[PDB]
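What follows is the content of run.cif (mmCIF, N, CA and C atoms and all ligand atoms).
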```
data_data
loop_
_atom_site.label_atom_id
_atom_site.label_comp_id
_atom_site.auth_asym_id
_atom_site.auth_seq_id
_atom_site.Cartn_x
_atom_site.Cartn_y
_atom_site.Cartn_z
N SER A 1 2.09 -4.90 7.27
CA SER A 1 0.81 -5.61 7.54
C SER A 1 0.32 -6.21 6.25
N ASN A 2 -0.65 -7.11 6.40
CA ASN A 2 -1.32 -7.73 5.27
C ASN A 2 -2.51 -6.89 4.85
N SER A 3 -2.68 -6.77 3.55
CA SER A 3 -3.78 -6.03 2.98
C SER A 3 -4.84 -7.01 2.48
N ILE A 4 -6.08 -6.75 2.90
CA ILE A 4 -7.23 -7.55 2.49
C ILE A 4 -8.33 -6.62 1.94
N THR A 5 -8.78 -6.92 0.73
CA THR A 5 -9.92 -6.26 0.09
C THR A 5 -11.03 -7.30 -0.05
N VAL A 6 -12.24 -6.91 0.37
CA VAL A 6 -13.45 -7.75 0.24
C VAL A 6 -14.36 -7.07 -0.80
N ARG A 7 -14.80 -7.83 -1.82
CA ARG A 7 -15.73 -7.33 -2.81
C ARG A 7 -17.05 -8.04 -2.64
N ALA A 8 -18.06 -7.30 -2.19
CA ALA A 8 -19.33 -7.88 -1.81
C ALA A 8 -20.47 -6.87 -1.96
N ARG A 9 -21.67 -7.42 -1.91
CA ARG A 9 -22.91 -6.64 -1.95
C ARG A 9 -23.99 -7.27 -1.10
N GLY A 10 -24.95 -6.43 -0.74
CA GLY A 10 -26.16 -6.88 -0.07
C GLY A 10 -27.33 -6.78 -1.01
N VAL A 11 -28.35 -7.59 -0.78
CA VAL A 11 -29.56 -7.53 -1.64
C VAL A 11 -30.44 -6.35 -1.26
N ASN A 12 -30.48 -5.96 0.01
CA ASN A 12 -31.32 -4.79 0.38
C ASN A 12 -30.59 -3.61 1.07
N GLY A 13 -29.28 -3.74 1.22
CA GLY A 13 -28.43 -2.66 1.74
C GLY A 13 -28.48 -2.49 3.25
N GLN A 14 -29.12 -3.43 3.95
CA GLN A 14 -29.16 -3.43 5.42
C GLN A 14 -28.11 -4.39 5.98
N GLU A 15 -27.49 -5.17 5.09
CA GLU A 15 -26.61 -6.25 5.49
C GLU A 15 -25.28 -5.75 6.06
N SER A 16 -24.84 -6.40 7.14
CA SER A 16 -23.56 -6.15 7.76
C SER A 16 -22.68 -7.36 7.63
N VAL A 17 -21.43 -7.11 7.21
CA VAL A 17 -20.41 -8.16 7.14
C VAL A 17 -19.18 -7.74 7.89
N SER A 18 -18.52 -8.74 8.43
CA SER A 18 -17.30 -8.59 9.17
C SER A 18 -16.18 -9.43 8.51
N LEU A 19 -15.03 -8.79 8.40
CA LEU A 19 -13.75 -9.45 8.07
C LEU A 19 -13.12 -9.93 9.36
N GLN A 20 -12.97 -11.26 9.46
CA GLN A 20 -12.40 -11.90 10.61
C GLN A 20 -11.13 -12.65 10.19
N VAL A 21 -10.08 -12.51 11.00
CA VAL A 21 -8.81 -13.20 10.76
C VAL A 21 -8.39 -13.89 12.05
N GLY A 22 -8.21 -15.19 11.96
CA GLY A 22 -7.90 -15.99 13.12
C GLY A 22 -8.90 -15.85 14.24
N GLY A 23 -10.14 -15.50 13.88
CA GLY A 23 -11.24 -15.36 14.85
C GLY A 23 -11.46 -13.96 15.36
N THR A 24 -10.56 -13.07 14.98
CA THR A 24 -10.62 -11.66 15.39
C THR A 24 -11.31 -10.82 14.36
N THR A 25 -12.29 -10.01 14.78
CA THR A 25 -12.91 -9.12 13.82
C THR A 25 -12.05 -7.92 13.61
N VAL A 26 -11.58 -7.78 12.38
CA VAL A 26 -10.67 -6.73 11.96
C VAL A 26 -11.43 -5.48 11.52
N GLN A 27 -12.55 -5.69 10.85
CA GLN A 27 -13.36 -4.59 10.35
C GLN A 27 -14.77 -5.10 10.07
N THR A 28 -15.73 -4.17 10.10
CA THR A 28 -17.17 -4.45 9.92
C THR A 28 -17.71 -3.34 9.06
N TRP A 29 -18.51 -3.69 8.06
CA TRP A 29 -19.10 -2.72 7.11
C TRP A 29 -20.58 -3.07 6.84
N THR A 30 -21.38 -2.03 6.68
CA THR A 30 -22.72 -2.16 6.10
C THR A 30 -22.59 -2.08 4.59
N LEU A 31 -23.15 -3.07 3.92
CA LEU A 31 -23.03 -3.16 2.49
C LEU A 31 -24.07 -2.28 1.79
N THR A 32 -23.78 -1.99 0.54
CA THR A 32 -24.73 -1.39 -0.38
C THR A 32 -25.24 -2.51 -1.30
N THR A 33 -26.17 -2.15 -2.19
CA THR A 33 -26.76 -3.12 -3.10
C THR A 33 -25.91 -3.30 -4.35
N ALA A 34 -24.82 -2.52 -4.43
CA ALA A 34 -23.83 -2.58 -5.52
C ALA A 34 -22.59 -3.35 -5.06
N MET A 35 -22.02 -4.13 -5.97
CA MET A 35 -20.71 -4.73 -5.72
C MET A 35 -19.71 -3.58 -5.50
N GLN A 36 -19.02 -3.68 -4.38
CA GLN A 36 -18.12 -2.67 -3.95
C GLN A 36 -16.94 -3.31 -3.25
N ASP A 37 -15.77 -2.69 -3.46
CA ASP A 37 -14.55 -3.02 -2.73
C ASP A 37 -14.47 -2.36 -1.37
N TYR A 38 -14.15 -3.19 -0.38
CA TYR A 38 -13.93 -2.78 1.01
C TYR A 38 -12.56 -3.25 1.48
N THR A 39 -11.74 -2.34 2.03
CA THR A 39 -10.36 -2.72 2.36
C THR A 39 -9.98 -2.52 3.81
N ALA A 40 -9.09 -3.39 4.25
CA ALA A 40 -8.57 -3.39 5.60
C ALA A 40 -7.15 -3.96 5.59
N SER A 41 -6.44 -3.69 6.69
CA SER A 41 -5.11 -4.24 6.90
C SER A 41 -4.97 -4.83 8.29
N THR A 42 -4.13 -5.84 8.40
CA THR A 42 -3.88 -6.50 9.64
C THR A 42 -2.55 -7.24 9.64
N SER A 43 -1.93 -7.27 10.81
CA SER A 43 -0.74 -8.09 10.98
C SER A 43 -1.08 -9.54 11.33
N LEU A 44 -2.36 -9.80 11.61
CA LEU A 44 -2.82 -11.14 11.92
C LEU A 44 -2.69 -12.03 10.68
N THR A 45 -2.44 -13.32 10.89
CA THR A 45 -2.17 -14.23 9.75
C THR A 45 -3.06 -15.45 9.73
N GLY A 46 -3.99 -15.53 10.66
CA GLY A 46 -4.97 -16.63 10.69
C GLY A 46 -5.94 -16.79 9.53
N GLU A 47 -6.83 -17.76 9.72
CA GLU A 47 -7.90 -18.03 8.75
C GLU A 47 -8.73 -16.77 8.50
N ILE A 48 -8.92 -16.44 7.23
CA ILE A 48 -9.72 -15.32 6.82
C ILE A 48 -11.15 -15.78 6.59
N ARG A 49 -12.07 -15.10 7.27
CA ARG A 49 -13.54 -15.28 7.03
C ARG A 49 -14.21 -13.97 6.68
N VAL A 50 -15.13 -14.04 5.71
CA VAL A 50 -16.10 -12.98 5.48
C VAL A 50 -17.45 -13.46 6.02
N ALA A 51 -17.92 -12.77 7.05
CA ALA A 51 -19.04 -13.20 7.89
C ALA A 51 -20.21 -12.24 7.75
N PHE A 52 -21.37 -12.80 7.44
CA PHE A 52 -22.67 -12.10 7.46
C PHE A 52 -23.29 -12.36 8.81
N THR A 53 -23.61 -11.27 9.50
CA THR A 53 -23.96 -11.34 10.93
C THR A 53 -25.38 -10.86 11.33
N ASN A 54 -26.11 -10.29 10.40
CA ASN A 54 -27.41 -9.70 10.76
C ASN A 54 -28.54 -10.10 9.82
N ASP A 55 -28.62 -11.40 9.59
CA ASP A 55 -29.69 -11.96 8.82
C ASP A 55 -31.05 -11.54 9.37
N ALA A 56 -31.92 -11.19 8.44
CA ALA A 56 -33.31 -10.80 8.74
C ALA A 56 -34.08 -10.95 7.46
N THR A 57 -35.39 -10.75 7.55
CA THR A 57 -36.23 -10.70 6.36
C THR A 57 -35.68 -9.74 5.33
N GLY A 58 -35.45 -10.28 4.14
CA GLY A 58 -35.06 -9.48 3.01
C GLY A 58 -33.57 -9.27 2.83
N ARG A 59 -32.78 -9.75 3.79
CA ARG A 59 -31.32 -9.56 3.79
C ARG A 59 -30.55 -10.80 3.31
N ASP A 60 -29.60 -10.62 2.41
CA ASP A 60 -28.70 -11.67 1.92
C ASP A 60 -27.44 -11.00 1.37
N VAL A 61 -26.34 -11.75 1.41
CA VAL A 61 -25.03 -11.26 0.97
C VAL A 61 -24.45 -12.10 -0.16
N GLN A 62 -23.86 -11.40 -1.13
CA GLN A 62 -23.17 -12.01 -2.22
C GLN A 62 -21.74 -11.48 -2.25
N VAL A 63 -20.79 -12.40 -2.15
CA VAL A 63 -19.36 -12.07 -2.15
C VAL A 63 -18.71 -12.55 -3.45
N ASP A 64 -18.02 -11.64 -4.12
CA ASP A 64 -17.37 -11.93 -5.36
C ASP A 64 -16.03 -12.65 -5.07
N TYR A 65 -15.24 -11.97 -4.25
CA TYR A 65 -13.89 -12.41 -3.95
C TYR A 65 -13.28 -11.56 -2.84
N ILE A 66 -12.14 -12.01 -2.41
CA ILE A 66 -11.26 -11.17 -1.62
C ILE A 66 -9.90 -11.10 -2.33
N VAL A 67 -9.14 -10.06 -2.00
CA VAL A 67 -7.74 -9.95 -2.44
C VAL A 67 -6.89 -9.87 -1.19
N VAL A 68 -5.87 -10.72 -1.14
CA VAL A 68 -4.96 -10.84 -0.01
C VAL A 68 -3.55 -10.58 -0.52
N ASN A 69 -2.97 -9.47 -0.08
CA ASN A 69 -1.62 -9.10 -0.54
C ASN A 69 -1.50 -9.22 -2.10
N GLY A 70 -2.49 -8.66 -2.78
CA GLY A 70 -2.49 -8.55 -4.23
C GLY A 70 -3.01 -9.75 -5.00
N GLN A 71 -3.36 -10.80 -4.28
CA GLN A 71 -3.81 -12.09 -4.83
C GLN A 71 -5.30 -12.31 -4.65
N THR A 72 -6.02 -12.53 -5.76
CA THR A 72 -7.48 -12.72 -5.69
C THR A 72 -7.79 -14.16 -5.37
N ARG A 73 -8.70 -14.31 -4.42
CA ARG A 73 -9.29 -15.60 -4.02
C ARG A 73 -10.81 -15.47 -4.28
N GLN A 74 -11.28 -16.17 -5.30
CA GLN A 74 -12.66 -16.12 -5.68
C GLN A 74 -13.57 -16.83 -4.66
N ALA A 75 -14.69 -16.20 -4.31
CA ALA A 75 -15.62 -16.76 -3.28
C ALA A 75 -16.12 -18.17 -3.74
N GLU A 76 -16.39 -18.26 -5.04
CA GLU A 76 -16.95 -19.51 -5.63
C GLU A 76 -15.94 -20.65 -5.60
N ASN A 77 -14.65 -20.31 -5.45
CA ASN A 77 -13.60 -21.30 -5.35
C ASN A 77 -13.31 -21.78 -3.93
N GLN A 78 -14.04 -21.27 -2.95
CA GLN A 78 -13.81 -21.61 -1.57
C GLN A 78 -14.72 -22.78 -1.14
N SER A 79 -14.10 -23.82 -0.60
CA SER A 79 -14.81 -25.05 -0.21
C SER A 79 -15.65 -24.94 1.08
N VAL A 80 -15.41 -23.91 1.88
CA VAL A 80 -16.17 -23.66 3.11
C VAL A 80 -17.09 -22.45 3.01
N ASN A 81 -18.38 -22.75 3.12
CA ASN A 81 -19.46 -21.74 3.11
C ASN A 81 -20.55 -22.21 4.07
N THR A 82 -20.75 -21.47 5.15
CA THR A 82 -21.62 -21.92 6.23
C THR A 82 -22.96 -21.18 6.19
N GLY A 83 -23.11 -20.31 5.20
CA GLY A 83 -24.32 -19.49 5.05
C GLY A 83 -25.26 -19.68 3.86
N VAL A 84 -24.75 -20.29 2.81
CA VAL A 84 -25.54 -20.49 1.58
C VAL A 84 -26.71 -21.40 1.89
N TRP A 85 -27.87 -21.06 1.35
CA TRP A 85 -29.05 -21.90 1.51
C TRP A 85 -29.11 -22.87 0.35
N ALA A 86 -28.85 -24.13 0.65
CA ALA A 86 -28.78 -25.18 -0.36
C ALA A 86 -29.14 -26.52 0.31
N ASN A 87 -29.83 -27.42 -0.42
CA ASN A 87 -30.31 -28.67 0.17
C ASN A 87 -31.06 -28.38 1.45
N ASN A 88 -31.89 -27.35 1.37
CA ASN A 88 -32.77 -26.97 2.43
C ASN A 88 -32.13 -26.73 3.78
N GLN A 89 -30.98 -26.08 3.79
CA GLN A 89 -30.34 -25.77 5.04
C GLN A 89 -29.26 -24.75 4.85
N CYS A 90 -28.86 -24.10 5.95
CA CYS A 90 -27.77 -23.18 5.93
C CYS A 90 -26.46 -23.89 5.75
N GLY A 91 -25.61 -23.33 4.91
CA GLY A 91 -24.28 -23.90 4.67
C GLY A 91 -24.39 -25.24 3.99
N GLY A 92 -25.36 -25.36 3.08
CA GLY A 92 -25.68 -26.63 2.44
C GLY A 92 -24.63 -27.12 1.46
N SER A 93 -23.77 -26.20 1.02
CA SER A 93 -22.81 -26.47 -0.07
C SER A 93 -21.60 -25.56 0.10
N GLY A 94 -20.43 -26.05 -0.34
CA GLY A 94 -19.27 -25.20 -0.57
C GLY A 94 -19.39 -24.57 -1.95
N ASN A 95 -18.41 -23.74 -2.28
CA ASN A 95 -18.28 -23.15 -3.60
C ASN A 95 -19.47 -22.30 -4.01
N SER A 96 -19.81 -21.36 -3.14
CA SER A 96 -20.88 -20.42 -3.41
C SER A 96 -20.48 -18.99 -3.01
N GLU A 97 -20.99 -18.03 -3.78
CA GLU A 97 -20.80 -16.60 -3.51
C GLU A 97 -21.76 -16.14 -2.42
N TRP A 98 -22.77 -16.96 -2.13
CA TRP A 98 -23.87 -16.50 -1.31
C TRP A 98 -23.79 -16.85 0.15
N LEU A 99 -24.18 -15.85 0.94
CA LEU A 99 -24.52 -16.03 2.35
C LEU A 99 -25.94 -15.54 2.55
N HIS A 100 -26.83 -16.51 2.67
CA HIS A 100 -28.24 -16.25 2.93
C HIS A 100 -28.53 -16.22 4.42
N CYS A 101 -28.07 -17.24 5.11
CA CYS A 101 -28.12 -17.28 6.54
C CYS A 101 -26.90 -16.57 7.10
N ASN A 102 -26.97 -16.26 8.40
CA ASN A 102 -25.79 -15.86 9.15
C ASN A 102 -24.78 -16.99 8.98
N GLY A 103 -23.56 -16.59 8.67
CA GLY A 103 -22.44 -17.53 8.53
C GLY A 103 -21.32 -16.85 7.74
N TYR A 104 -20.45 -17.67 7.16
CA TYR A 104 -19.28 -17.13 6.51
C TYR A 104 -18.77 -17.96 5.37
N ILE A 105 -17.94 -17.29 4.56
CA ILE A 105 -17.09 -17.95 3.60
C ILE A 105 -15.67 -17.85 4.10
N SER A 106 -15.01 -18.98 4.20
CA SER A 106 -13.60 -19.04 4.54
C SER A 106 -12.74 -19.02 3.32
N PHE A 107 -11.73 -18.16 3.38
CA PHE A 107 -10.82 -17.92 2.27
C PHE A 107 -9.43 -18.42 2.57
N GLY A 108 -9.27 -19.17 3.65
CA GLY A 108 -7.97 -19.69 3.97
C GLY A 108 -7.14 -18.80 4.84
N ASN A 109 -6.05 -19.36 5.35
CA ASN A 109 -5.02 -18.60 6.07
C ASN A 109 -4.47 -17.48 5.19
N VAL A 110 -4.02 -16.42 5.85
CA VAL A 110 -3.40 -15.30 5.14
C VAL A 110 -2.24 -15.80 4.30
N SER A 111 -1.39 -16.64 4.89
CA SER A 111 -0.24 -17.17 4.18
C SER A 111 -0.47 -18.62 3.78
N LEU A 112 -0.31 -18.84 2.48
CA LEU A 112 -0.48 -20.13 1.86
C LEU A 112 0.85 -20.59 1.26
N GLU A 113 0.91 -21.87 0.94
CA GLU A 113 2.14 -22.49 0.54
C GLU A 113 1.93 -23.47 -0.56
N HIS A 114 2.91 -23.50 -1.47
CA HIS A 114 2.95 -24.54 -2.49
C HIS A 114 4.40 -24.77 -2.91
N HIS A 115 4.86 -26.02 -2.79
CA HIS A 115 6.25 -26.36 -3.11
C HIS A 115 7.22 -25.38 -2.49
N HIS A 116 7.00 -25.10 -1.20
CA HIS A 116 7.89 -24.23 -0.39
C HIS A 116 7.91 -22.80 -0.85
N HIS A 117 6.93 -22.44 -1.67
CA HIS A 117 6.72 -21.06 -2.03
C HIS A 117 5.56 -20.57 -1.19
N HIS A 118 5.79 -19.44 -0.54
CA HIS A 118 4.81 -18.86 0.42
C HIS A 118 4.20 -17.62 -0.20
N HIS A 119 2.90 -17.52 -0.20
CA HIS A 119 2.21 -16.43 -0.89
C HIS A 119 0.96 -16.01 -0.13
CA CA A 201 6.07 -15.08 0.10
#
```

What's the structure tokens form of this structure?
Amino acid sequence: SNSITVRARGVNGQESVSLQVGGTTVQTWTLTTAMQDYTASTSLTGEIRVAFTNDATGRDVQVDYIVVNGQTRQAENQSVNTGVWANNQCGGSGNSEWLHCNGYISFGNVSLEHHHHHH
């Protein structure tokens, strides 16, 4: 199976995030206010999302990165972010660690390719 580690925190420790692969929720965790590693495994190979699902007063999520089969993908390097509050709206910008609104950061398919090298 594929190994995925999510490194994230909540601002008030009430925040819940889900690891979704190809649209399937693989695991769900309540965050602490400290950056912490959370790990899961799956044979699924679809698009990886880290999803904040329980937005409320005082709740926000900050994601550092994920690790996929030993490879770090930085949250700030991801072009899809549907939760960051920017330009006065949810998902206002790519390339952010933040999920303020309910939404997600997409980290790409489990398997990526470059010059016929698969990683
Ligand atoms: Ca490979």

Query raised in the report: Do you know which residues are at most 5 Å from stretch 31-37 of chain A counting only N, CA and C atoms, after dropping those on the same chain fewer than 6 positions away, and could you put them as a ChimeraX atom specification?
Result: /A:6-10,13,15-16

Requested in this report: Name the residues, by chain letter and number, that sit within 7 Å of ligand CA 201 (chain A) using all atoms listed in the file, and give them as a ChimeraX atom specification.
Outcome: /A:117-119

Requested in this report: Write out as JSON, numbers by chain each polymer residue whose atoms come within 6.5 Å of residue A:96, counting only N, CA and C atoms; drop sequence neighbours fewer than 2 positions from it.
Outcome: {"A": [75, 76, 77, 78, 81, 93, 94, 98, 99]}

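Ranking A:84, A:90, A:68, A:63 by their shortest atom-to-atom distance to residue A:110, with only C-alpha atoms included, puts A:68 first.
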
Query raised in the report: Using the chain letters and numbers from this document, which residues of stretch 4-92 of chain A does DSSP assign to strand (DSSP E), as a VMD selection string?
Result: chain A and resid 4 to 10 16 to 21 24 to 30 36 to 42 47 to 52 61 to 68 71 to 74 85 to 86 89 to 90

Report summary line: Closest of A:107, A:114, A:80, A:27 to residue A:95, counting all atoms listed in the file, is A:80

Query - Nearby residues, (-6.1, -11.3, 17.9) file frame, 10 Å, only C-alpha atoms, as a PyMOL selection string - result: chain A and resi 20-26+42-46

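Taking atom CA of residue A:92 as the reference point, atom N of residue A:106 is found at 13.2 Å.
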
**Report entry** Within 7 Å of residue A:91 using all atoms listed in the file, minus same-chain residues under 4 positions, as a VMD selection string
**Finding:** chain A and resid 81 to 86 101
